[PDB]
Structure formats: C-alpha cells, structure tokens
Amino acid sequence: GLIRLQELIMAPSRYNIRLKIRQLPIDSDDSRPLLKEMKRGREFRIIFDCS
Amino acid sequence: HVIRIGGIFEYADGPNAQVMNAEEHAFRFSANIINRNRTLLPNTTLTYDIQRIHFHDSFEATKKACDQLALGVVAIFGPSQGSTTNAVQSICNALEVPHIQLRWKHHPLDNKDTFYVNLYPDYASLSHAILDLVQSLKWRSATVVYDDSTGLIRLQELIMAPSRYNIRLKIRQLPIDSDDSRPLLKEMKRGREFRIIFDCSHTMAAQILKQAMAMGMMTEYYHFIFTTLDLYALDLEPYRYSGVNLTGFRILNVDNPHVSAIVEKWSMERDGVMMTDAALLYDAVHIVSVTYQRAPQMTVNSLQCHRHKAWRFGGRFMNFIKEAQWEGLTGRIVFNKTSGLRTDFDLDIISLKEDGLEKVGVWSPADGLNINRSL
Amino acid sequence: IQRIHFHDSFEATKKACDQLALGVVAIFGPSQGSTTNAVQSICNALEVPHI
Amino acid sequence: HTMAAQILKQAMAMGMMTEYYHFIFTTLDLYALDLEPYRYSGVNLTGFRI
C-alpha cells in the first residue's frame with residue numbers, strides 16, 4: 001500500500017493535513033485490539049484499501 | 001577431491017562485457033586465498049564459477065543456472081535483481097537446492113518457501129535501532145528524506161514509530177530524475193530543518209556531501225542520520241571541521257586487527273577500503289565453507305532443469321545451513337530459525353570529530369545501546 | 001489454458017515455454033507479479049508483447 | 001588575493017560560509033579562482049568594482 005499511494009502519503013505538501021498510519025496485521029483478522037487502538041485515536045476521516 | 005560452486009553477475013554487455021567488478025575480484029580473491037588457507041580442507045579442493053549476464057533479466061541467469069546444474073555445482077550464491085532471485089529461489093526450492101541471497105527482496109509468508117537464506121539485515125531491527133537512536137536523541141520533530149521508493153517499505157517500522165513515540169515528521173523523496181535536489185534543499189532550508197535522516201546510495205551520499213557542502217547546509221545546528229556504511233569511499237576533511245553533528249553506522253568489525261589486515265591486503269588490489277558488499281561475499285563464502293566442513297561425505301551430482309531431479313541431501317545440507325553458527329567479518333551471524341533467516345545482528349554506532357570518524361556506541365536487538373562526623 | 005499453482009515462477013516458466021513451443025499471441029498470465037517477471041523477460045527477449 | 005583564496009578555502013572548510021556572515025571584499029581581483037562554489041552558500045556579501 002505504500003508504493004500503491006506514497007504520493008497520497010506525501011500529500012500534505014499541498015494541504016494542511018495530518019494523519020495516523022495503521023497497517024492491518026495480516027496474521028489474523030481479529031482487529032479488535034487495533035480497533036480499540038483506533039478507539040483510543042477515536043478518529044473519523046480514514047482511508048481504507050484492502051481486499 | 002575437488003568441489004565447485006557457481007556465481008552469476010549482471011553487467012552492461014553481459015558475457016560480452018569486459019570489466020570485472022570488485023565483487024568478482026573479491027570472489028576469486030577470497031576463494032583462492034582460502035584454498036591457500038590450508039586450514040581449510042586438506043583433501044577437499046574448493047573451486048568456483050563466474051557467470052556474466054546483463055542487468056535486469058531472469059532468463060539469462062536461468063540458462064546459466066541450468067548450465068551450472070548440468071555441471072552440478074556444490075553451492076549457489078544469488079543474483080542482484082528481485083526478478084532473478086524469484087526464479088532462482090523457485091528452481092532452488094523446487095530441486096532441493098539452497099539459494100544464498102544477499103540483498104533485500106520482498107518475501108511473502110504467503111509464498112511458503114524453504115530452501116534459501118539471505119545475508120541481508122532485517123529492516124525491522126534496523127528501524128528499531130534507529131528508534132533507539134532518536135529516543136536517545138529525545139526528538140519530537142523530524143523529517144523523512146529518502147532516495148528511492150524501496151526504502152519506504154524498508155522503513156515502514158520507523159514510519160509507524162510516531163504512534164508509540166510522538167514526533168513531527170515530513171516525508172519527501174530524493175528525485176532520481178537527475179543528479180540534483182538543490183531546490184528541494186532550498187525548500188528544506190526554508191523548511192527550518194535540523195533533524196533529517198538519510199538512506200541512499202553511497203553515490204547519492206556523495207551527491208549529498210557535495211550539495212550540502214555547496215548549499216551552505218553544513219551547519220553545526222544540524223544533527224543528521226546516515227544508514228549505509230559506505231562513508232569510507234568519501235572524504236571528510238572538507239566536512240568534519242564544520243561542527244555538524246552527525247552519525248554513521250557500522251556492522252563490520254573494523255576493530256578486529258585480523259579483519260583490518262584483510263582490508264589492508266585488499267587495498268593494493270584494483271578510498272582503497274574493502275566494500276561492505278565484499279565483506280558480505282567473504283562471510284557468505286565462509287559460512288558455506290563451515291557448513292560444508294561440518295557435514296560428512298555427500299553425493300556431488302548433476303541434475304537437469306526440464307526434468308524433476310532434486311538432490312537428495314539438499315534438505316540435509318539446508319539443515320546444516322540454516323542452523324549454522326559463524327563469527328563473520330561483521331561478527332555474530334545467527335538466523336531466525338522460524339524463517340531460517342538472519343534477523344539478529346549488532347550495530348556499531350559511530351560518529352565524527354574534527355579528529356575524524358569514531359565509534360560512539362553499540363546496539364543489539366535484545367538490549368541496544370551501552371556507553372564519621374557531627375551534624 | 002493452463003491451470004497452475006500460486007507463488008511459483010518456474011511453474012509458469014515451464015508453461016510459458018510450453019505455450020511458446022505452441023506459439024501463442026495473447027499472453028494471459030498469473031496473479032503473482034514475481035512469477036510473471038520472467039514471463040515479461042522472455043516476452044521482451046523473444047520479440048512478443050505481454051499482457 | 002592568494003590569501004583571500006586561503007580565507008575562502010578555510011571558512012569553506014570551517015563551514016563559516018553562513019548567511020549570518022556579511023562580507024567586505026576589497027581588492028579588485030576577487031574573481032580569480034571560482035567563486036560559484038561560494039555563491040550558493042547563501043551569505044551576505046559585498047565587493048568593489050573599478
């Protein structure tokens with residue numbers, strides 16, 4: 001995904017935007033620890049590309 | 001009793017190219033001086049083979065490997081391109097052959113393959129050593145500057161590191177379109193930048209030296225981070241007297257007098273410092289040498305590509321390989337046996353004086369840095 | 001049409017040499033890019049395009 | 001001019017080619033060896049012309 005969107009990673013040259021970065025651990029699919037981490041972030045404007 | 005390995009190198013005009021690299025130089029050099037080292041193998045003779053191919057082709061080295069197995073070679077080291085080492089690893093694992101590797105390539109756990117190792121350092125351990133560095137710098141603002149698109153994957157650990165250790169960050173690429181990033185450097189001086197990390201080629205590192213020298217961006221207000229070990233080609237007497245805080249890395253035991261003497265004899269033989277890639281070559285030769293020495297007698301055979309002939313003790317000698325314990329030029333060499341791949345390795349931390357460059361710290365994946373009376 | 005497994009360059013390399021010995025004009029490769037790098041190599045080597 | 005080139009070499013070598021440094025250059029043969037490496041440092045600077 002990095003090489004899929006590194007310009008979108010390097011986007012904030014043209015705009016005042018900050019961002020978190022979250023790889024899904026592909027080891028399994030129970031993201032509920034990572035979901036509670038997102039809950040600690042409690043964020044609302046997030047990009048998603050996966051299967 | 002004679003044994004023979006092979007080797008495949010990419011060049012400009014392939015077999016019709018002319019100049020040997022220093023890797024072929026060190027290849028013949030190391031192999032012939034360890035044949036001279038009569039500590040190695042009294043009755044057994046180690047010979048070798050060198051193939052020249054072009055850059056960026058799998059099929060060239062495919063034919064070369066089919067030639068080497070039509071001969072039947074006792075060991076095989078790996079090529080440069082990922083597209084090569086794809087098919088190399090495929091036919092190696094398919095035909096009970098080990099694939100010795102040197103560079104980083106992408107490695108899927110989904111591609112459950114076995115018969116290979118790599119001499120390349122695990123980037124997660126590298127990035128975590130850098131994390132140890134910058135938390136020792138106690139920084140809360142930084143900027144990512146990088147040469148090629150590959151280092152983003154190779155540094156995505158450090159990219160995630162602002163999560164558990166909050167730090168401001170800007171992310172920009174060194175443009176490969178020309179030999180110039182000076183207007184970006186003008187942006188960086190306007191970017192108010194003092195905390196910048198650098199991974200690139202030694203050639204691009206020399207471009208950095210030249211430009212940041214010429215930009216007026218050699219300031220003592222700068223404390224900058226450098227990944228590759230290849231400062232030894234590069235002069236620093238135009239640089240080390242400007243007061244710029246700076247940090248290089250090392251994995252090699254230069255501080256071994258023995259290894260330094262190996263470099264000393266190497267220095268007469270084409271600044272005049274033995275390549276890290278040549279050190280990797282020497283270590284790969286010596287680990288395969290030790291794993292061959294540990295084993296009893298086996299069946300050196302010739303097998304064919306279009307058929308399905310696989311050499312029976314290939315798994316046995318793979319068990320010899322992946323479970324080896326060797327103290328190399330870089331020092332301790334040990335694998336993640338879940339992967340069979342070297343992920344454990346120490347990092348010498350070095351930095352500069354007006355005197356010159358000097359070792360300032362160590363690193364490990366386990367731990368890391370270590371520097372009667374009356375009232 | 002050749003049914004192959006995942007994640008093997010040499011498998012589709014053999015089958016690519018098979019469809020070359022056949023002689024094919026539209027080249028409909030695998031999912032694994034690391035597999036089909038050699039396919040593109042032999043396509044560009046033997047004067048034939050690649051899809 | 002030779003020792004002036006020595007000045008440029010040493011303040012180059014010491015990294016004292018700074019924008020916080022403002023230069024009073026006097027003799028007429030300033031141009032002699034190349035000044036363009038010293039150009040893009042970004043200093044304040046002054047010369048003379050006759």
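Structure notes:
- Selection from region B:144-153 of residues that are surrounded by 18 or more Cβ atoms within 10 Å (Cβ to Cβ) and either more than 8 Å from chain A (Cβ to nearest Cβ) or out of contact with any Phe, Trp or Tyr (no Cβ under 9 Å at 6 or more places or on another chain) (or both): B:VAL144, B:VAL145, B:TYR146, B:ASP147, B:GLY151
- Residues satisfying the stated conditions in region C:1-17, i.e. of a type outside the set (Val, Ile, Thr) and in a helix (DSSP H, G or I): C:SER9, C:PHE10, C:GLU11, C:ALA12, C:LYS14, C:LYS15, C:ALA16, C:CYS17
- Only one of the numbered conditions (1) closer than 24 Å to A:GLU37 by Cα; (2) within 11 Å of another protein chain (Cβ to nearest Cβ); (3) crowded, with 17+ Cβ neighbours inside 10 Å is violated by B:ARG172, and that is (1).
- Filtered residues of region B:245-269 (kept if outside any loop (DSSP other than H, G, I, E, B), within 21 Å of the chain's Cα centre (by Cα), among the hydrophobic types (A, V, I, L, M, F, W, C) and under 18 Å from B:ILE130 (Cβ atoms)): B:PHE249
- Whenever a residue of region B:1-27 is over 30 Å from B:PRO296 (Cβ atoms), its partners that are of a type in the set (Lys, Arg) and crowded, with 16+ Cβ neighbours inside 10 Å, lying with C-beta atoms within less than 6 angstrom and at least six residues away or across chains, give the pairs B:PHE9/B:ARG52; B:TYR11/B:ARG52; B:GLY14/B:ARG52; B:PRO15/B:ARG52; B:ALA17/B:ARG52.
- Qualifying residue in region A:9-16 (condition: exposed (fewer than 11 other Cβ atoms within 10 Å of the Cβ), under 16 Å from B:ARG172 (Cβ atoms) and either within 12 Å of the chain's Cα centre (by Cα) or not hydroxyl-bearing (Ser, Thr, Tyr) (or both)): yes
- Test result for B:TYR241, hydroxyl-bearing (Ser, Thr, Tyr), within 14 Å of chain D (Cβ to nearest Cβ) and over 29 Å from B:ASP148 (Cβ atoms): yes
- Considering (1) outside any strand (DSSP E or B); (2) more than 23 Å from B:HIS106 (Cβ to Cβ), the lone condition that B:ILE225 does not fulfil carries the number (1).
- Tabulated pairs, region B:250-276, first over 25 Å from B:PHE345 (Cα atoms), second β-branched (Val, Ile, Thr) and surrounded by 19 or more Cβ atoms within 10 Å (Cβ to Cβ), C-beta under 9 angstrom, 6+ apart or interchain: B:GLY272/B:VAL263
- Leading residue by the ranking (surrounded by the most Cβ atoms within 10 Å (Cβ to Cβ)) among those in region B:18-63 that are under 25 Å from the mean Cα position of the chain (by Cα), among the hydrophobic types (A, V, I, L, M, F, W, C) and outside any helix (DSSP H, G or I): B:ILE53
- Residue within region B:82-91 that is away from every other protein chain (no Cβ under 14 Å) and either closer than 24 Å to B:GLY331 by Cβ or small (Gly, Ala, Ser) (or both) present: no
- Candidate set from region B:226-238 (those that are within 30 Å of B:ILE333 (Cβ to Cβ) and more than 12 Å from the chain's Cα centre (by Cα)); member that is nearest to the other protein chains (Cβ to nearest Cβ): B:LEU236
- Of the strands (runs of 3 or more DSSP E) lying entirely inside region B:287-375, the ones with 1 or more residues being in contact with a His (Cβ under 9 Å, 6 or more places away or on another chain) and surrounded by 12 or more Cβ atoms within 10 Å (Cβ to Cβ) are found at B:341-344.
Taken together, the values in this text are just the output of simple stated rules run on the coordinates, not laboratory data. All Cβ positions, even for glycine, are placed from backbone atoms using ideal geometry, and neighbour counts span all protein chains on display.
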